[PDB]
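Heads up, work.pdb below (PDB, C-alpha atoms):
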```pdb
ATOM      1  CA  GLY M   1      73.574 107.573 111.781  1.00  0.00           C
ATOM      2  CA  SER M   2      74.860 109.785 114.659  1.00  0.00           C
ATOM      3  CA  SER M   3      78.564 109.086 113.730  1.00  0.00           C
ATOM      4  CA  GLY M   4      78.089 110.874 110.315  1.00  0.00           C
ATOM      5  CA  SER M   5      79.979 109.412 107.295  1.00  0.00           C
ATOM      6  CA  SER M   6      83.588 108.864 106.011  1.00  0.00           C
ATOM      7  CA  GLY M   7      83.206 107.940 102.276  1.00  0.00           C
ATOM      8  CA  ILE M   8      85.627 110.513 100.734  1.00  0.00           C
ATOM      9  CA  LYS M   9      88.258 110.007 103.511  1.00  0.00           C
ATOM     10  CA  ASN M  10      87.995 106.226 102.869  1.00  0.00           C
ATOM     11  CA  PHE M  11      88.104 106.813  99.047  1.00  0.00           C
ATOM     12  CA  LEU M  12      91.462 108.691  99.191  1.00  0.00           C
ATOM     13  CA  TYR M  13      92.837 106.085 101.666  1.00  0.00           C
ATOM     14  CA  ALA M  14      91.691 103.135  99.447  1.00  0.00           C
ATOM     15  CA  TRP M  15      93.060 104.853  96.273  1.00  0.00           C
ATOM     16  CA  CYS M  16      96.448 105.249  98.043  1.00  0.00           C
ATOM     17  CA  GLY M  17      96.304 101.587  99.289  1.00  0.00           C
ATOM     18  CA  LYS M  18      95.679 100.256  95.710  1.00  0.00           C
ATOM     19  CA  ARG M  19      98.938 102.113  94.716  1.00  0.00           C
ATOM     20  CA  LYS M  20     101.083 101.038  97.796  1.00  0.00           C
ATOM     21  CA  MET M  21     100.793 104.585  99.368  1.00  0.00           C
ATOM     22  CA  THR M  22      99.210 106.229 102.496  1.00  0.00           C
ATOM     23  CA  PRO M  23      97.694 109.793 102.690  1.00  0.00           C
ATOM     24  CA  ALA M  24      99.063 112.290 105.269  1.00  0.00           C
ATOM     25  CA  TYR M  25      96.672 114.809 106.929  1.00  0.00           C
ATOM     26  CA  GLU M  26      97.583 118.082 108.767  1.00  0.00           C
ATOM     27  CA  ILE M  27      95.200 120.189 110.979  1.00  0.00           C
ATOM     28  CA  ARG M  28      94.965 123.700 112.577  1.00  0.00           C
ATOM     29  CA  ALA M  29      92.462 125.156 115.122  1.00  0.00           C
ATOM     30  CA  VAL M  30      91.002 128.665 114.349  1.00  0.00           C
ATOM     31  CA  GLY M  31      88.220 131.118 115.404  1.00  0.00           C
ATOM     32  CA  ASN M  32      86.481 131.848 118.750  1.00  0.00           C
ATOM     33  CA  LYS M  33      87.464 129.843 121.918  1.00  0.00           C
ATOM     34  CA  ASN M  34      83.837 128.832 122.816  1.00  0.00           C
ATOM     35  CA  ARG M  35      82.723 128.452 119.113  1.00  0.00           C
ATOM     36  CA  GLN M  36      85.868 126.782 117.702  1.00  0.00           C
ATOM     37  CA  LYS M  37      86.628 125.944 114.014  1.00  0.00           C
ATOM     38  CA  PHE M  38      89.241 123.741 112.244  1.00  0.00           C
ATOM     39  CA  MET M  39      91.245 123.818 108.982  1.00  0.00           C
ATOM     40  CA  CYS M  40      92.770 120.731 107.294  1.00  0.00           C
ATOM     41  CA  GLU M  41      95.337 119.948 104.575  1.00  0.00           C
ATOM     42  CA  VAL M  42      96.099 116.522 102.969  1.00  0.00           C
ATOM     43  CA  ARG M  43      99.131 115.317 100.950  1.00  0.00           C
ATOM     44  CA  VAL M  44     100.448 112.071  99.303  1.00  0.00           C
ATOM     45  CA  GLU M  45     104.110 111.068  98.649  1.00  0.00           C
ATOM     46  CA  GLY M  46     105.203 111.816  95.020  1.00  0.00           C
ATOM     47  CA  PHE M  47     102.571 114.616  94.519  1.00  0.00           C
ATOM     48  CA  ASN M  48     103.433 118.337  94.984  1.00  0.00           C
ATOM     49  CA  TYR M  49      99.796 119.498  95.645  1.00  0.00           C
ATOM     50  CA  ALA M  50      97.926 119.753  98.993  1.00  0.00           C
ATOM     51  CA  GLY M  51      94.085 119.485  99.142  1.00  0.00           C
ATOM     52  CA  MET M  52      92.485 121.994 101.567  1.00  0.00           C
ATOM     53  CA  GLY M  53      89.323 122.061 103.763  1.00  0.00           C
ATOM     54  CA  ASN M  54      87.686 123.656 106.848  1.00  0.00           C
ATOM     55  CA  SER M  55      84.578 123.381 109.152  1.00  0.00           C
ATOM     56  CA  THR M  56      83.336 123.590 112.833  1.00  0.00           C
ATOM     57  CA  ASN M  57      84.968 120.145 113.379  1.00  0.00           C
ATOM     58  CA  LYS M  58      88.053 118.110 112.282  1.00  0.00           C
ATOM     59  CA  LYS M  59      85.999 115.353 110.495  1.00  0.00           C
ATOM     60  CA  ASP M  60      84.219 117.712 108.039  1.00  0.00           C
ATOM     61  CA  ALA M  61      87.522 119.634 107.598  1.00  0.00           C
ATOM     62  CA  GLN M  62      89.313 116.351 106.627  1.00  0.00           C
ATOM     63  CA  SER M  63      86.395 115.416 104.294  1.00  0.00           C
ATOM     64  CA  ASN M  64      86.719 118.788 102.468  1.00  0.00           C
ATOM     65  CA  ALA M  65      90.568 118.408 102.306  1.00  0.00           C
ATOM     66  CA  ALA M  66      90.223 114.821 100.947  1.00  0.00           C
ATOM     67  CA  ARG M  67      87.632 115.938  98.334  1.00  0.00           C
ATOM     68  CA  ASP M  68      89.982 118.765  97.157  1.00  0.00           C
ATOM     69  CA  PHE M  69      92.997 116.372  96.829  1.00  0.00           C
ATOM     70  CA  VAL M  70      90.816 113.752  95.018  1.00  0.00           C
ATOM     71  CA  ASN M  71      89.622 116.654  92.808  1.00  0.00           C
ATOM     72  CA  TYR M  72      93.375 117.362  92.111  1.00  0.00           C
ATOM     73  CA  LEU M  73      93.730 113.647  91.091  1.00  0.00           C
ATOM     74  CA  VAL M  74      90.986 114.397  88.446  1.00  0.00           C
ATOM     75  CA  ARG M  75      92.804 117.683  87.431  1.00  0.00           C
ATOM     76  CA  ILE M  76      95.912 115.472  86.640  1.00  0.00           C
ATOM     77  CA  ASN M  77      93.736 112.570  85.232  1.00  0.00           C
ATOM     78  CA  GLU M  78      94.957 109.926  87.802  1.00  0.00           C
ATOM     79  CA  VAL M  79      91.268 109.449  88.960  1.00  0.00           C
ATOM     80  CA  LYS M  80      87.919 109.678  87.080  1.00  0.00           C
ATOM     81  CA  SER M  81      85.294 111.999  88.706  1.00  0.00           C
ATOM     82  CA  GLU M  82      82.609 109.291  88.005  1.00  0.00           C
ATOM     83  CA  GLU M  83      84.211 107.161  90.819  1.00  0.00           C
ATOM     84  CA  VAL M  84      84.433 109.990  93.451  1.00  0.00           C
ATOM     85  CA  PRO M  85      81.811 110.064  96.312  1.00  0.00           C
ATOM     86  CA  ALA M  86      79.910 113.167  97.523  1.00  0.00           C
ATOM     87  CA  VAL M  87      81.582 115.130 100.406  1.00  0.00           C
ATOM     88  CA  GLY M  88      78.337 115.143 102.545  1.00  0.00           C
ATOM     89  CA  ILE M  89      78.647 118.929 103.341  1.00  0.00           C
ATOM     90  CA  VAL M  90      76.604 121.948 102.015  1.00  0.00           C
ATOM     91  CA  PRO M  91      76.995 125.764 102.573  1.00  0.00           C
ATOM     92  CA  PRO M  92      74.517 127.972 104.562  1.00  0.00           C
ATOM     93  CA  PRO M  93      71.999 130.248 102.695  1.00  0.00           C
ATOM     94  CA  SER M  94      73.147 133.800 101.735  1.00  0.00           C
ATOM     95  CA  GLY M  95      70.106 135.488 103.464  1.00  0.00           C
ATOM     96  CA  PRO M  96      69.557 136.705 107.103  1.00  0.00           C
ATOM     97  CA  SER M  97      69.772 134.119 109.955  1.00  0.00           C
ATOM     98  CA  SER M  98      69.413 136.281 113.162  1.00  0.00           C
ATOM     99  CA  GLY M  99      65.775 135.147 113.935  1.00  0.00           C
TER     100      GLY M  99
END
```

Rendering of file as structure tokens:
Amino acid sequence: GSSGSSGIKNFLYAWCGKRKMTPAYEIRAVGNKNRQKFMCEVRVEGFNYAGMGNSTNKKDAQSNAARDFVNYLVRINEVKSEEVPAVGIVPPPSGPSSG
């Protein structure tokens, strides 16, 4: 649908809510004024790490930040990767794109 998706943002929020916590997001604007980009960080109380993301928009930047903090929860074995949803974002091809 035209609103995109929110599965990894909802997964971190639901994981926090099953543990009596709430995730805290933090955002910065970067790049060209007409062709703007955004960076995102996300943190949770009692954890020293911050998951990091970026994109052309705040929603995809939050989804990358959420995926990297949920990945950290697998690096410390507080979450199994088998439960974690796909981020919904893919990189551009490494070849020419000028025409």

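With the shown file loaded, the PyMOL selection byres ((chain M and resi 19-30) around 7) picks out residues 13, 15, 16, 17, 18, 31, 36, 37, 38, 39, 40, 41, 42, 43 and 44 of chain M.
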
Rounded to one decimal place, report the CA of residue 50 in chain M-CA of residue 70 in chain M distance in Å.
10.1 Å

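Compared by their closest atoms to residue 52 in chain M, and using all atoms listed in the file, the residues M:8, M:76, M:66, M:90 rank with M:66 nearest.
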
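For the set M:82, M:89, M:48, M:4, the residue with the smallest atom-to-atom gap to residue 61 in chain M is M:89, counting only C-alpha atoms.
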
At what distance in Å, to one decimal, does CA of residue 32 in chain M lie from CA of residue 56 in chain M?
10.6 Å
